[PDB]
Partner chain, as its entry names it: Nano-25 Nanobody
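Here you get one chain, nothing else, as structure tokens; it is the form deposited without its partner chain.
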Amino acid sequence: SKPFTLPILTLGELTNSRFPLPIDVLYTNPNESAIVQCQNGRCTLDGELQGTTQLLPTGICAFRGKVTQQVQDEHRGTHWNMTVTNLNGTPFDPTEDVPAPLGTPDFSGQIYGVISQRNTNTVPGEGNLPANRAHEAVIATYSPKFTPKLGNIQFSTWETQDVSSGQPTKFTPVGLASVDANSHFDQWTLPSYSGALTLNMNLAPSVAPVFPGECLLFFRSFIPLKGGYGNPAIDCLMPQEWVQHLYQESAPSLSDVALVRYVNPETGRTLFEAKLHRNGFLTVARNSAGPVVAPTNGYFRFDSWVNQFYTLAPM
């Protein structure tokens, strides 16, 4: 059996698997009441991608498709419907056993970014080159019109008219539009992928500590805002480089729990230890919420396969 390994990357060399952001800090929140069941950044230790997880950092919270038409919506702004394909441009087949096209956002909120278009049709006078446009845009993932599993979503723009029907369209995510109460930001609330009143399917399972005294450990990034007050964050279970590494290696999991040590390169010492679980998440023995205050040159080193009855040294 191929030996299990993690990449050798300090925190400052890792990126979030749930939004295109660098990892800023490690983080715990033991008293979290929500069920933790994110769909991006989901990969087993033996390399099986789950939920809506795909490998490209550029694909996380991205969409590709075509605008159909401007549409009416009660909310302010100018609204547009777009069909969505797979990120590789092939038609999304709703009979595949995934919750939504891979890369689809996995949380409730107003995702701010840029919609860009490059026309299919070309002009001989322009050297046979297509016309283009891009504009800031917001995708409300809690909207009844957010139906990526049905192959269509809606976005809104400040721009009132310069979005073209029937043309190839890309959404590049940048941040959140707002985190006011009215903007329904909740990182642990899944979108309804097929719309209002429908049940999501094919989900990666929820994650939780099972051993007393343990809590989830997250890789946290702070997410930009278009406006308003706030310091919002997105917490992932494993960074995108771990997803990429595990997928590559596909090493057999020799037990249900790997023991890992967070180590300082300069000192050589272990700052704390953690359980890395088979389904792809970490727990630590810690009784507080907030950041883990440690150097960003620190990294996780795989020590050995253990089991659920292993007692972690307290942080």
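Residue numbers count along the first chain shown, from 1. If you superpose the two forms and keep the largest set of C-alpha atoms that fall within 1.5 Å, you have the rigid core. Residues that one form lacks are left out of the comparison.
One more form of this protein exists, namely the form solved in complex with its partner chain; it is left out here, but the text below deals with it.
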Its partner chain contact in the bound PDB entry: residue 144, any heavy atom under 4.5 Å: no
Contact of residue 190 with its partner chain in the bound PDB entry (heavy atom, 4.5 Å): no
Partner contact for residue 63 in the bound PDB entry: its partner chain, 4.5 angstroms, heavy atom: no
Distance check, residue 34 to its partner chain in the bound PDB entry, heavy atom within 4.5 Å: yes
Residues within 4.5 Å of its partner chain in the bound PDB entry, restricted to 286 to 315 and counted by heavy atom: 307, 308, 309
Displaced residue between the shown form and the other one, judged on C-alpha after the rigid core is fitted, out of 241, 214, 73, 159 (threshold 2 Å or more): 73
Mobile segments between the shown form and the other one - rigid core superposition, Cα shift of 2 Å or more, 3+ residues: 73 to 76
